[PDB]
Amino acid sequence: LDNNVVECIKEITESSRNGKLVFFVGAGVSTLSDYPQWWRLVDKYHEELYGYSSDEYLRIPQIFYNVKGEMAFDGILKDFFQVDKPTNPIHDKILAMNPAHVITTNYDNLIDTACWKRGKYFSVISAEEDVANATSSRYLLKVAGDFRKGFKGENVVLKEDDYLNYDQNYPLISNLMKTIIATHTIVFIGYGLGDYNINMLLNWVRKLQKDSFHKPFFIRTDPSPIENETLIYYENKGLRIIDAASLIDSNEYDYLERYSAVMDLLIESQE
Amino acid sequence: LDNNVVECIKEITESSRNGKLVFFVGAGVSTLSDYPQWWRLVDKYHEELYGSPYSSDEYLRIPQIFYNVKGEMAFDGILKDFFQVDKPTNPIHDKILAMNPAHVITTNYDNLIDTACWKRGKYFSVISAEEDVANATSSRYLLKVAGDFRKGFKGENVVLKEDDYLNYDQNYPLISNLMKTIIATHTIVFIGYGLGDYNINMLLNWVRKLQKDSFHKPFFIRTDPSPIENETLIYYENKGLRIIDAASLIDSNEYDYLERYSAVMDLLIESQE
Amino acid sequence: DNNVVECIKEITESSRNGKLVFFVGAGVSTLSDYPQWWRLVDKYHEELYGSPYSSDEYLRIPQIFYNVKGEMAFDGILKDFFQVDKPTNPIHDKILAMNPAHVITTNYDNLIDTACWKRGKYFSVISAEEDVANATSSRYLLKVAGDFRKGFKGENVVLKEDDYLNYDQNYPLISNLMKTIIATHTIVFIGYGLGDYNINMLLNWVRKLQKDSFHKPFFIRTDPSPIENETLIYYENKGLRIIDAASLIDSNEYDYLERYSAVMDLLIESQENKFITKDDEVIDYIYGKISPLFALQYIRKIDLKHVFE
Amino acid sequence: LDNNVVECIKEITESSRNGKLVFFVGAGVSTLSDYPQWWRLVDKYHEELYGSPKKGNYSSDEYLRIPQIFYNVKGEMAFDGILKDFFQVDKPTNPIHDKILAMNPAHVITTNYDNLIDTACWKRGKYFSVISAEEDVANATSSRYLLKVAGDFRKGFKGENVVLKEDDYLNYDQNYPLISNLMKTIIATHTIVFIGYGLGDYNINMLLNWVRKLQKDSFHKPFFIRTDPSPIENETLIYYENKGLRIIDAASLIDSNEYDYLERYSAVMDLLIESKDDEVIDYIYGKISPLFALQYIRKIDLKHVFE
Ligand SMILES: NC(=O)c1ccc[n+]([C@@H]2O[C@H](COP(=O)([O-])OP(=O)(O)OC[C@H]3O[C@@H](n4cnc5c(N)ncnc54)[C@H](O)[C@@H]3O)[C@@H](O)[C@H]2O)c1
Ligand SMILES: NC(=O)c1ccc[n+]([C@@H]2O[C@H](COP(=O)([O-])OP(=O)(O)OC[C@H]3O[C@@H](n4cnc5c(N)ncnc54)[C@H](O)[C@@H]3O)[C@@H](O)[C@H]2O)c1
Ligand SMILES: NC(=O)c1ccc[n+]([C@@H]2O[C@H](COP(=O)([O-])OP(=O)(O)OC[C@H]3O[C@@H](n4cnc5c(N)ncnc54)[C@H](O)[C@@H]3O)[C@@H](O)[C@H]2O)c1
Ligand SMILES: NC(=O)c1ccc[n+]([C@@H]2O[C@H](COP(=O)([O-])OP(=O)(O)OC[C@H]3O[C@@H](n4cnc5c(N)ncnc54)[C@H](O)[C@@H]3O)[C@@H](O)[C@H]2O)c1
């Protein structure tokens, strides 16, 4: 173990005990259930266009929409995202932490089904109107939309145009997410350090005063242990990183093992 | 109060019982209990710069002009001498607290609502400064969007000058986000606020940015003597505001402001709890 | 005094080089007896509440009327006031006599355009978004508050609250052009109130600029009473150089053309040799004019007339 | 040649003859002079940081961040030292710079921090006021600007007076308010022709995003000279042509080799710089029609009319 790791685990458990822990779950948690990873859809759109760079993830969907209409866009999106994948152990592991809120950029319903299975009831907030009608005290925030109003591309923010207008298209959802981040303890699971959402959140946290907020915990479970340079870089940007690969030596492709190891370490520390 | 008022009271009481009620207490309420209204301070500031003495832009500029010209020290001096006189909490404060509001949002810097909250036994975690937002110890917040003098009687703690309002969104990101979230997720009742108030109008613009029927239109208690002109009422109602007119509610003289406030407060409290 | 003398010197030096831009306010239009805004605001208030301000009220009352009585009523009430024509006053002639590089005006009238046509200098007028892209001439008459050229509707002009709220979004090209002209050219404000909405917005934008990276605009104040010193410091530290017409000449408050005429006569008449009285400044001026000619072996005697203008 | 390129050339030459042509010179023109490509700088930064060069290509986010990570991790001094090592060299100006200058553009907008464009302008005896810093906008020394929107190395080879890292681009609108607004004004009031830029470039993406906010059919679509190795796809062409661009594909016209960029640039450039008994009467009438407004015309003035 490590003194930094033990301190982070203790802080996480302490915040979970008093109901302050909030889980920011990325696509890494949803790929455990073998849900279509975004590069699958990007590659399908690219192949449709002409028979992965980060900017391409937003460009390819954008060009495909602009050319093949909302018609082809929603057609492909519904085709690839109607699988009904089963929830992985990590979903229930996240739920066992008893998080106050679960912010997920994912559009798949794995997380809410996991909450229902555990019995925890989270008011799902994935649309502008959902904020006003949120009855439950605990919010499950889908800050990228979800396929519960249908399988149209308007529901989600997959393409680059939605990302560009997200601030003015999701003012209530955006400000609620910022409030949750500011007033809670945030743990990032299933997110790459280069993710668009992670970088945008890090840019936002710059505007905050030096000691105004709490540095969110980042749980990295990529196969390759991070370089010291990246750890130092993202430590000064407000991210507190716990490296699954560094914590335990494991197989490169055994992402499930890394996620589960970090999660059971947290749970066992919480008792 | 046939329809446009009875329905407002019914919705307010329903939200209060549900617990999704928040009060945006204006400066006027803190003036019901004798207190220095900001126009008096603006007059004093102008008299310091000039011989004798108001537009809202002048409201923001005259203290700003004093701060720029005279300096931080003198500005803080008049601020402290004028705003350091303790005052007794009026019946309006405990009347507001009796509704059991979830949170209390106010643009006042005085300790006249926290005192009422403590005296009534209800604990609201006061959030007046930037750093107080994250280190919150209670579910319910008494958010002073304009700051307060708890840390000290310096003018930097509060936003009252033109520059303070110019950089408010940059100066108070967390506080502004928290207030916006509270407004969006709770039913908001505005009390002791000028219909053309600066803070009210900025929030009205923010709500205009919001999409159609994506939020609940806040309530606004209007307490100055003159009954609301129909055109102004229509304009503000279409601006996402539901106006409860204290002047139309009862019959009273212009200068008896306590009676006009109490009419609305009692009609809201006693009527179906 | 030295301050006003230096202000006039800078203004004239910028004008002679073609780097002078004039920010014409509503006072210049009022000098031509054009209907001031407060008249129309009073008309709107009377129509709204039956029987009849501030920066907020000026924007609100027209805004209230727009959505309470409708677009057509707003357009009709504003056209019945602004459709009347007026003759350009001597102040427009004085403004154009400086050969300004550009004229930026928030007025919705055509008096400045008519004066530009009179003088013979073709100022391509930009009062709409499409105007910026297709403006053949290099001299811009920027109507930053719209114009009635297209029609007499209220949409073409910026005079109501929502119009000002979405100005940056509604007029991106026009705002960018005005800011570029302000940053590049020397700016003189005439016909504007010190506590004005447009001037305050320009000051707010200038605050964002890096220190000493821009030139402080000149503001010609024609208010009836001499400006308070405290306000003078406040506005000169905000990025303004104030030339007070009331201070230069004492005139009765009711009349305003005399103050504008005094300021503009000081501008036009002023010459670099007008201020040189010390015999140590005579040599300074002569050397400033003759020094670059030292690089030439011989200078034609008759050609020297060009050196001394 | 094709008809679309014919229309584009017609409009570009017309605008240039009116003194309304501006050239947005990209990094490809500088690379034509064998100037250190930014990808090589990013590779050096990555090698210094992680001890080995990155496997594969670099994304735009990588270009923006690897320099930023090195700057805040390895310190400012090393960040400027790498820039001094790679950029302090002086490279000859390629024929493309002189070709661009031969069009006598009203202004020259370039994100390059090198002085190659300035050297070409002087070699052609052109007086361009180089506005590379914030203070330069107010004190312009000439009518036509060589506006370097990404800064330049005139005031030393420090990385502060350049837009290279992620923070420089993030705070550009606040770091360069005057320069950004002047560039936008020049774009709005002039005819812009892009050279040496890729469709995936960050600067072009930002400019296209800004052009979104403009009013419908308010601005003029800027021309974009595309000279990437491969021919332009029919999907990206439509995508970027309704995004405000006027793409002119070099590979589409010239059936040239790959990695032979110089001639590919030159084809478009010299197709740009090289410019019946029923049209003769039309031309003469076009020249003489305004003269009908005058009672009498001097014959020598007629010589004047016919250039
Ligand atoms: N990025 C691409 O376009 C691309 C193309 C081919 C393969 N990949 C694969 O994706 C990974 C990196 O990029 P990405 O955006 O697709 O993922 P990422 O690593 O960028 O994605 C986010 C999260 O994904 C998790 N993850 C990645 N692969 C996983 C797996 N097999 N099982 C469980 N979790 C997994 C990591 O936990 C990471 O935090 C690499 O593992 C790579 O082999 C990516
Ligand atoms: N110099 C001035 O601006 C001026 C002119 C006339 C009256 N006043 C006094 O200032 C306020 C004028 O109305 P106003 O809306 O500008 O107020 P205000 O806007 O200055 O602030 C107070 C708000 O609270 C309520 N309020 C009004 N008068 C009050 C009073 N005397 N005691 C307690 N609460 C009051 C009103 O709803 C008012 O909007 C009153 O207090 C009035 O007696 C001031
Ligand atoms: N304050 C009001 O809203 C209101 C209402 C009715 C009438 N008025 C009259 O108008 C004047 C205020 O004018 P404003 O709204 O333009 O604010 P203003 O007085 O601030 O505008 C000032 C610019 O307009 C100029 N100006 C004022 N009167 C002028 C005149 N007769 N001729 C030429 N220029 C003049 C001054 O030049 C000044 O620099 C008041 O002093 C009053 O006489 C004002
Ligand atoms: N991603 C990388 O950095 C990487 C790695 C290895 C090789 N390369 C090669 O280096 C090139 C650098 O371009 P970029 O990817 O940095 O942007 P890019 O290739 O999109 O930029 C190309 C634009 O710049 C110009 N350009 C590119 N390469 C040129 C060349 N070799 N000669 C003349 N002009 C050229 C072209 O006009 C083109 O439109 C790549 O296009 C590729 O050929 C790049």
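Structure determination for this PDB entry is given in the record as cryo-EM, at a resolution of 3.00 Å.

Asker: Please clarify how the overall build of chain C should be interpreted in this entry.
Answerer: Of the regular secondary structure elements, chain C holds 17 helices and 7 strands. Computed over the C-alpha atoms, the radius of gyration of chain C is 21 Å, within 12% of the 19 Å expected from 2.2 N^0.38 for a compact globule of 309 residues. Out of the 309 residues belonging to chain C, those deemed buried represent 53%. Of the roughly 14,500 Å² of accessible surface on chain C, a fraction of 51% belongs to carbon and sulfur atoms. Of the side-chain charges in chain C, 34 are positive and 46 negative, and the distance between the mean point of each set is 6 Å.

Asker: Can you help me understand the interface of chain B and chain C in this one?
Answerer: You'll often see interface size given as the accessible area lost when the parts meet. Of the residues lining the interface, 24 residues belong to chain B; the matching set on chain C comes to 23 residues. When chain B packs against chain C, close to 1,900 Å² is buried across both sides, 52% of that on carbon and sulfur atoms. Where chain B touches chain C, the interface holds 0 salt bridges. Counting across the chain B and chain C interface gives 3 residue pairs in polar contact. Mapped onto the side of chain B that touches chain C, the elements with two or more residues apiece are α4 (56-69), α8 (162-166), α11 (198-209) and α12 (230-238) of chain B. It is α4(B) that provides the largest number of residues to the side of chain B that touches chain C, a total of 7 residues.

Asker: Teacher, can you tell me more about the sheet that holds strand β1 (residues 21-25) of chain A here?
Answerer: Strand pairing within a sheet occurs via backbone hydrogen bonds; the two strands may be parallel or antiparallel. All names here are of chain A. Taken together, 7 strands build an open sheet; the order of strands is β3-β4-β2-β1-β5-β6-β7 and the sheet is parallel. Only two strands of the sheet have a single neighbouring strand rather than two, namely β3 (123-125) and β7 (240-243). Shown here is a sheet whose adjacent strand axes are inclined to one another by a mean of 20°, direction ignored. Sheet analysis places strand β5 (residues 185-189) next to strand β6 (residues 217-220), joined by 3 bridges and oriented parallel.

Asker: Just checking my understanding: could you explain the site of ligand 1 for this structure?
Answerer: Residues and elements named next belong to chain A. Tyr52, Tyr57, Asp222, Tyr255 and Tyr259 are the nearest of the 14 residues found near ligand 1. Contacts to ligand 1 include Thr221, whose side-chain N or O atom sits 3.3 Å from an oxygen atom. Protein chains bury 65% of the 730 Å² of accessible surface belonging to ligand 1 in isolation. Elements with a contribution of two residues or more to the shell around ligand 1: α2 (27-32) and α14 (255-270). The element contributing the most residues to the shell around ligand 1 is α2, with 3 residues.

Asker: Would you mind going over the site of ligand 2 with me for this structure?
Answerer: Residues and elements named next belong to chain B. Not every one of the 13 residues close to ligand 2 is listed here, only the nearest: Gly28, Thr31, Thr223, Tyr257 and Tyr261. At 3.3 Å, a side-chain N or O of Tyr257 approaches a nitrogen atom of ligand 2. At a separation of 3.3 Å, an oxygen atom of ligand 2 approaches a polar side-chain atom of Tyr261. Its free accessible area being 680 Å², ligand 2 has 61% of it covered by the protein chains. Only α2 (27-32) and α14 (257-270) provide two or more residues apiece to the shell around ligand 2. If you tally residues by element for the shell around ligand 2, the top one is α2, at 3 residues. When the residues that make up the shell around ligand 2 are grouped by side-chain class, the tally is 6 nonpolar, 6 polar and 1 charged.

Asker: Looking at this structure, how should I read a nonpolar patch on the surface?
Answerer: Judged by side-chain polarity, D:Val280, D:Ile281, D:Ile284 and D:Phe306 come together as a nonpolar surface patch covering roughly 370 Å² of accessible area. Within the element layout of this structure, D:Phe306 appears in the segment after α16 (299-305).

Asker: Please explain the nonpolar core as it appears in this structure.
Answerer: Counting residues in each nonpolar core, the largest one holds 118 residues, and the members touching the most others are C:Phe23, C:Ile104 and D:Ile109. With near-sequence residues (within four places) excluded, C:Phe23 lies in contact with C:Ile104, C:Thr106, C:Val144, C:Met178, C:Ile182, C:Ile187, C:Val188, C:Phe189, C:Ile190, C:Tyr192 and C:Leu202. Among the nonpolar cores identified, the runner-up in size contains 113 residues, and A:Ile181, A:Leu201, C:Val41 and C:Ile77 belong to it.

Asker: Hey, could you run me through the interface of chain B and chain A in this one?
Answerer: Each partner contributes to the interface: chain B provides 23 residues, whereas chain A provides 22 residues. Where chain B abuts chain A, roughly 1,800 Å² becomes buried across the two surfaces, and 58% of that area is made up of carbon and sulfur atoms. Of all residues in chain B, B:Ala134, B:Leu174 and B:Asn177 bury the most surface against chain A, accounting for 24% of the area lost on that side. If you look at where chain B meets chain A, you find 4 residue pairs in polar contact. Every element with two or more residues in the side of chain B that touches chain A is listed here: α9 (168-171) and α10 (173-185) of chain B. By residue number, the principal contributor to the side of chain B that touches chain A is α10(B), which donates 8 residues.

Cut-offs and rules
- Residues numbered from 1 in each chain as written, not as in the entry; some residues may be left out.
- Chains lettered and ligands numbered in written order.
- Part of a larger assembly, values for the part shown.
- Heavy atoms only, no water.
- Helix = DSSP H or I, 4+ residues; strand = E, 2+ residues; numbered from the N terminus.
- Rg over C-alpha atoms; globule rule 2.2 N^0.38 Å.
- Buried < 20%, exposed > 50% of the residue type's maximum accessible area, 1.4 Å probe, protein only.
- Areas by Shrake-Rupley, 256 points an atom, 1.4 Å probe, with all protein chains shown as cover.
- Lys, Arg positive; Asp, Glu negative; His and termini not counted.
- Charge placed at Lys NZ, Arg CZ, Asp CG, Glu CD.
- Contact = heavy atoms within 4.5 Å.
- Buried area = accessible area lost by both parts, 1.4 Å probe.
- Salt bridge = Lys/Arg side-chain N within 4 Å of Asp/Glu carboxyl O.
- Polar contact = N/O pair within 3.5 Å; in protein donor to acceptor, adjacent residues only side chain to side chain.
- Pairing = 2+ DSSP bridges.
- Axes fitted to C-alpha atoms, helices over the stretch in contact; angles between N-to-C directions.
- Near = heavy atom within 4 Å.
- Nonpolar A, V, L, I, M, F, W, Y, C, P; charged D, E, K, R; others polar.
- Patch = residues over 30% accessible without salt bridge, like charges linked within 9 Å, V, L, I, M, F, W, Y side chains within 5 Å.
- Core = buried A, V, L, I, M, F, W, Y, C linked by side-chain atoms within 4.5 Å.

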